[PDB]
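# Descriptive analysis of the structure
Each chain, written out:
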Amino acid sequence: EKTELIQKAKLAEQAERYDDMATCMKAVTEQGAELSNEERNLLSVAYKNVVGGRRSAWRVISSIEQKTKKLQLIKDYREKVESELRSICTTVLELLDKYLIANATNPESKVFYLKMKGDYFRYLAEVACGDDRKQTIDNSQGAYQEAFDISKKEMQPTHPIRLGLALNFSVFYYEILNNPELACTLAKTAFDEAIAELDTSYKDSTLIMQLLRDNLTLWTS
Amino acid sequence: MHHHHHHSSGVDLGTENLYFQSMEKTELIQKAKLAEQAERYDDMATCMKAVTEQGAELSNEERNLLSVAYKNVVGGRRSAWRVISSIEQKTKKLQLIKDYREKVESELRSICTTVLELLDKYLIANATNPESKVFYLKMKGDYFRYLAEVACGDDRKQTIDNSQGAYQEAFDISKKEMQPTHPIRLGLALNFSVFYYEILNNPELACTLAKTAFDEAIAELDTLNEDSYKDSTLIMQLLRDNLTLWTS
Amino acid sequence: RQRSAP
Amino acid sequence: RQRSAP
């Protein structure tokens, strides 16, 4: 039943049906074996799209709210989306804790899962409030930081996972903690250190570096 | 709608109930406009379905909200269905693909059935003017066409006949009642021609159907103010594009 | 792409 | 657009 689930996931993906894709990957993960590379990314992409659909909606709604009897109605709808965002995050965080990180068994994988734990807590923080916000933020920061250390200890500065982690960690700095200069330093550093060792897959790394460089241009505009 | 849910399979928590019946139209409409901004079309659909089930005639804005909602809901399946069958046609693993194609098909059908049901029980029943009647018959045409894209055997024949009858009736009324620049009429011509081209597979009739509608609109275009003009031309562009392709 | 009414 | 990891 595992080769099956994986094909249905690759289909669902081609067919842009990410609920299905997710369900499949969640079930593959629950079997409790370590995920291969291709399997990690299938899981990652699936949930990225599922949760991404909510985050998008949440911004549109709050923006429409901030641009304004009818406001109790909008607010209620924002919260329906928030509830959805949380289950999805909880689901993913649960998978990372019960399964993925537990059995990581190598640095590259550990870094991927910790980054992800970082990202999903960050998605929660985008909509959190009061002290819920503080707990959420701490949890995100702890994950990224641990990932950051391991990535520095174990991986080449061109590795797309490490670059990706740097990208997301800087975004966290920039938009969640709101320390914009650290955000820049975090990105510029990763960028520069990668740019050095490119004389050494290239397409995988530079896709992410473009993002680093773009963010830097914006955060200095 | 914080208290609603839709299943994967295109069956939902349902609207035929006090919860939706005790809501004000104005609410449901705002819920829909939001859902639309937020690109959440299941919600938008549910909302409009509930507005329709109140049984009043839909205003123009209301028609289009309904149309757009269901368009996106069903469109997501049609897309997936093409991807899957294309991957199938390119090829043990084929059972699995075929089963998945059928899961999608089942979804396509409920959505179509739902819409066809709304058109029959409510929308057409109470049409009360030509423009509206044309919009709803065109829609009936469209949703039967979506069924035909995936239908087979004699299921296919019934489906096709039912699409053709709706379009034709719409076509006649539009010709009797509406200006050739009217976007509903043009939109109907466009979809009818596509039906001719892809479902009946008479490509020359498809072209004549489109060229005609195009040409007859092009004549009467210096009529229009800028605002209406933009509505019509958006569709004419599509007519002209289809013609180019169907002659390439 | 063939295209149909928006 | 701020952008995050693909």
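Residues numbered from 1 in each chain as written, not as in the entry; some residues may be left out. Chains lettered and ligands numbered in written order. Heavy atoms only, no water. Residues with missing side-chain atoms left out of burial classes, pairs and counts.

### Some points on the overall build of chain B
Within chain B, the regular secondary structure consists of 10 helices and 0 strands. Reading the secondary structure of chain B in the N-to-C direction produces α-α-α-α-α-α-α-α-α-α. Relative to the globule expectation of 18 Å for 248 residues, the C-alpha radius of gyration of chain B, 19 Å, shows essentially globular dimensions. For chain B, the spread of C-alpha atoms along the three principal axes comes to 55 × 50 × 30 Å. (Helix = DSSP H or I, 4+ residues; strand = E, 2+ residues; numbered from the N terminus. Rg over C-alpha atoms; globule rule 2.2 N^0.38 Å.)

### A look at the overall build of chain A
Along its length, chain A carries 9 helices and 0 strands. When the helices and strands of chain A are listed from N to C terminus, the series reads α-α-α-α-α-α-α-α-α. Over its C-alpha atoms chain A spans a radius of gyration of 18 Å, differing by no more than 12% from the 17 Å that the globule rule assigns to 221 residues. In terms of overall dimensions, chain A has C-alpha extents of about 60 × 50 × 30 Å along its principal axes.

### Structural notes on the interface of chain A and chain B
On the side of chain B, 23 residues touch chain A, which itself brings 21 residues to the contact. Ranked by residues supplied to the side of chain A that touches chain B, first place goes to helix α4 (residues 70-100) of chain A with 8 residues. Residues that form the side of chain A that touches chain B fall into these classes: 11 nonpolar, 2 polar and 8 charged. (Contact = heavy atoms within 4.5 Å. Nonpolar A, V, L, I, M, F, W, Y, C, P; charged D, E, K, R; others polar.)

### A word on the interface of chain D and chain A
Taken together, the contact between chain D and chain A spans 6 residues of the former and 12 residues of the latter. Broken down by class, the residue content of the side of chain D that touches chain A amounts to 2 nonpolar, 2 polar and 2 charged.

### Things to note about the packing of aromatic side chains
Summed over the entire model, instances satisfying the criterion amount to 19 aromatic pairs over all chains. Between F169 of chain A and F172 of chain A, the aromatic rings sit 6.2 Å apart at their centres with planes inclined by 55°, giving tilted as the arrangement. You can see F169 of chain A and its partner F172 of chain A sitting in helix α7 (residues 160-177), 3 residues apart, about one turn around the helix. We note that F169 of chain A, like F172 of chain A, is buried. Ring geometry for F195 of chain B and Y196 of chain B: centres 6.4 Å apart, planes at 85°, overall edge-to-face. (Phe/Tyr/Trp six-rings, centres within 6.5 Å; stacked < 30°, edge-to-face > 60°. Buried < 20%, exposed > 50% of the residue type's maximum accessible area, 1.4 Å probe, protein only.)

### Concerning the pattern of salt bridges
Here the structure, examined in full by the defined rule, presents 31 salt bridges over all chains. With its nearest N and O atoms 3.2 Å apart, the salt bridge here joins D119 of chain A to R122 of chain A. Here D119 of chain A and its partner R122 of chain A are both found in helix α5 (residues 107-127), 3 residues apart, which amounts to about one turn of the helix. Given the relative accessible area of 1%, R122 of chain A is considered buried. Among the salt bridges present, the one from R78 of chain B reaches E149 of chain B, with a minimum N-O distance of 2.9 Å. (Salt bridge = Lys/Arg side-chain N within 4 Å of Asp/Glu carboxyl O.)

### Re the packing of α5 of chain A against α7 of chain A
If you want to describe how two helices pack, look at the angle between their axes and the distance between the axes. Residues and elements named next belong to chain A. Two elements in contact, α5 and α7, have axes separated by 10 Å at closest approach and are oriented at 25°. Overall, the two elements α5 and α7 adopt an arrangement that is roughly parallel. Of the two elements, α5 crosses α7, and the hand of that crossing is left-handed. Counted together, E108, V111, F112, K115, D119, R122, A125 and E126 of α5 and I161, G164, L165, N168, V171, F172, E175 and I176 of α7 form the full contact between these two elements. Looking at side-chain class alone, the contact of α5 with α7 contains 8 nonpolar, 2 polar and 6 charged residues. (Axes fitted to C-alpha atoms, helices over the stretch in contact; angles between N-to-C directions. Parallel < 35°, antiparallel > 145°, perpendicular 65-115°, else oblique. Left-handed = near helix turned anticlockwise from the far one by under 90°.)

### A few points about empty space enclosed by the protein
Approximately 50 Å³ is the volume found for the largest cavity. Lining the largest cavity are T29, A33, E34, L35, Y99, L100, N103 and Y113 of chain A. (1 Å grid on protein atoms, 1.4 Å probe; cavity = no way out; pocket = protein on both sides within 12 Å on 5 of 7 lines; lining within 4 Å. Points joined across faces, edges and corners; volume = space filled by probe spheres on them.)

### Quick word on unusual backbone geometry
All names here are of chain B. Even without a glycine there, the phi angle at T128 is positive, about 65°. Taking the relative accessible area as the measure of exposure, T128 reaches 68% and is therefore exposed. With a phi close to 65°, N201 is a non-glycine residue in the positive phi region. By relative accessible area, which is 52% here, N201 ends up exposed.

### Some thoughts on the side chain of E62 of chain B
Residues and elements named next belong to chain B. Here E62 lies in helix α4 (residues 60-90). The buried category is assigned to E62, whose relative accessible area is 9%. Within polar-contact distance, the side chain of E62 engages the backbone nitrogen of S59 at 3.0 Å. Once residues within four sequence positions are removed from consideration, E62 is found in contact with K25, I29, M48 and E57. (Polar contact = N/O pair within 3.5 Å; in protein donor to acceptor, adjacent residues only side chain to side chain.)

### Here we look at the layout of surface pockets
Residue and element names in this part refer to chain A. There is about 670 Å³ of room inside the second largest pocket. For the lining of the second largest pocket, the secondary structure elements donating two or more residues are α3 (37-66), α5, α7 and α9 (202-218). Residue contributions to the lining of the second largest pocket peak at 9 residues, all from α3.

### Regarding the arrangement of the chains
The assembly contains 3 pairs of chains in contact; the pair sharing the most contacts is chains A and B. These two, chain B and chain D, are apart from each other, with no contact and a minimum C-alpha gap of 18 Å.

### A closer look at the environment of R240 of chain B
By secondary structure assignment, the location of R240 of chain B is in helix α10 (residues 226-245). The spacing of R240 of chain B and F214 of chain B is 26 residues in sequence and 7.4 Å in space, taken between C-alpha atoms.

### Brief notes about the packing of α5 of chain A against helix α6 (residues 130-154) of chain A
Residue and element names in this part refer to chain A. For the pair α5 and α6, the least separation of the axes is 8 Å and the interaxial angle reads 155°. Our classification of the angle between α5 and α6 gives roughly antiparallel. Crossing hand, α5 versus α6: left-handed. Taking contact as the criterion, the partners of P107, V111, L114, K115, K117, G118, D119, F121, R122, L124 and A125 in α5 are, on α6, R133, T136, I137, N139, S140, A143, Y144, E146, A147, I150, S151 and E154. Partitioning the contact of α5 with α6 into residue classes produces 11 nonpolar, 5 polar and 7 charged.

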